[PDB]
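Comments concern the structure below.
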């Protein structure tokens, strides 16, 4: 959650949507190749779990690491990344359009241009993770109730929006009461094994102190305290897209010797490889029938 | 007994009792 905390912290007042696994996916790649301080300093985010090309009902992931066509890599590192490595010419124009296409196809055309400006001719390597998710609500919102409800962008700024609603149902609710504000937390399950846990501050403006306290411990804690309750639900059907550069965030989180020349990726290549940017683009779409989400990140 | 998400909120997609698949903040409608 800390990376989210960080990203969300920088762009206060703006929609944000990230995918911790996708991000951790590449950081793990980098880890396998990292050595010295870079390694341990990056170990804090290592998880071989979602760092693969798996799938669990409605979520599918994919890993790909492209190396400089001229560099020579380590066998051991290559052993871990396994079936997800290729040597490409970065100065090659087509290359960029090759990658984007791969991510494009894979994410149902949701995250198309993963890479923007032509890929710098000096980039040593490019680690990538893509993820796709789409599942239907176990309890499809009543289409015959989706009306316009006012939304508080701020206590003053009012903006109508489509509000999905459903009554007469029971959901796992909970009314946490913490020193940093009070909120309600509910669970809208999707068919399968995944759900959406929404955290709604009780006051129309207490989200900040809450978010800056969102930790995996807390979240887990508050989630457990949830019990089957009867609540009428009103959640906005939205659809947003994101584009973030996690270099800033990650550095503040402690990853100082990870980006730039100080980066020690010795266990990856005899050459002097480096990565200067972490791109993360995302997509989500929530409506009264299903939820489609997807994201992709690359360490340029 | 009413959960009305008509103001900034946090949402998280996840595996029943597993890892967090996603996590975002809904601040503005952004008519996409």
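Protein chains in written order, with full-length UniProt numbering: chain A, 1 to 300; chain B, 310 to 341.
All residues carry an ideal CB built from backbone N, CA and C; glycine is no exception.
Taking 8 Å as the threshold (C-beta atoms), are residue 193(A) and residue 56(A) in contact? yes
Please confirm whether residue 321(B) and residue 196(A) have their CB atoms less than 8 Å apart. yes
Would you decide whether residue 118(A) is buried or exposed? Buried here means 16 or more other CB atoms lie within 10 Å of its CB. exposed
If the cut-off is 7 Å on Cβ atoms, which residues from the region 263-282 of chain A count as contacting chain B, listed in chain order? none
Give me the Cβ distance between residue 289(A) and residue 136(A), rounded to the nearest whole Å; I'm assuming they're in contact under 8 Å. 6 Å
Are the C-beta of residue 50(A) and some C-beta of chain B separated by less than 8 Å? yes
Using a Cβ cut-off of 8 Å, pull out every chain B residue sitting near residue 214(A), in sequence order please. 319
Spell out whether any CB of chain B is found under 8 Å from the CB atom of residue 20(A). yes
Whether residue 63(A) touches residue 111(A) by CB criterion (8 Å): no
Between residue 296(A) and residue 103(A), which are expected to be in contact by the criterion C-beta below 8 Å, what is the C-beta distance as a whole number of angstroms? 5 Å
Confirm, please, whether the CB-CB distance from residue 234(A) to residue 152(A) is below 8 Å. no
Could you name the residues that DSSP lists as bridge partners for residue 67(A)? 87(A) and 125(A)
From 277(A), 204(A), 251(A) and 291(A), residue whose alpha carbon lies closest to that of residue 313(B): 204(A)
Spatial distance of residue 123(A) from residue 281(A) (CA atoms): 19 Å
Going by the CB atoms, is the gap between residue 200(A) and residue 184(A) shorter than 8 Å? yes
Among all the DSSP beta bridges, which residues are the ones paired with residue 314(B)? According to DSSP, residue 314(B) bridges with nothing at all.
Less than 8 Å between the C-beta atoms of residue 126(A) and residue 298(A), yes or no? yes
Tell me the residue span of the alpha helix (DSSP H) that contains residue 100(A). 93-106
Can the beta-carbon of residue 6(A) be found closer than 8 Å to that of residue 253(A)? yes
Determine the DSSP secondary structure at residue 8(A), reduced to helix, strand or coil. helix
Which one or two residues does DSSP pair with residue 200(A) in a beta bridge? 184(A)
What residue range is occupied by the uninterrupted alpha helix (DSSP H) comprising residue 50(A)? Here residue 50(A) belongs to no alpha helix (DSSP H), and DSSP marks it neither H nor E.
With the cut-off set at 8 Å, would you say residue 23(A) and residue 311(B) are in Cβ contact? no
Span separating the alpha-carbon of residue 3(A) from that of residue 26(A): 14 Å
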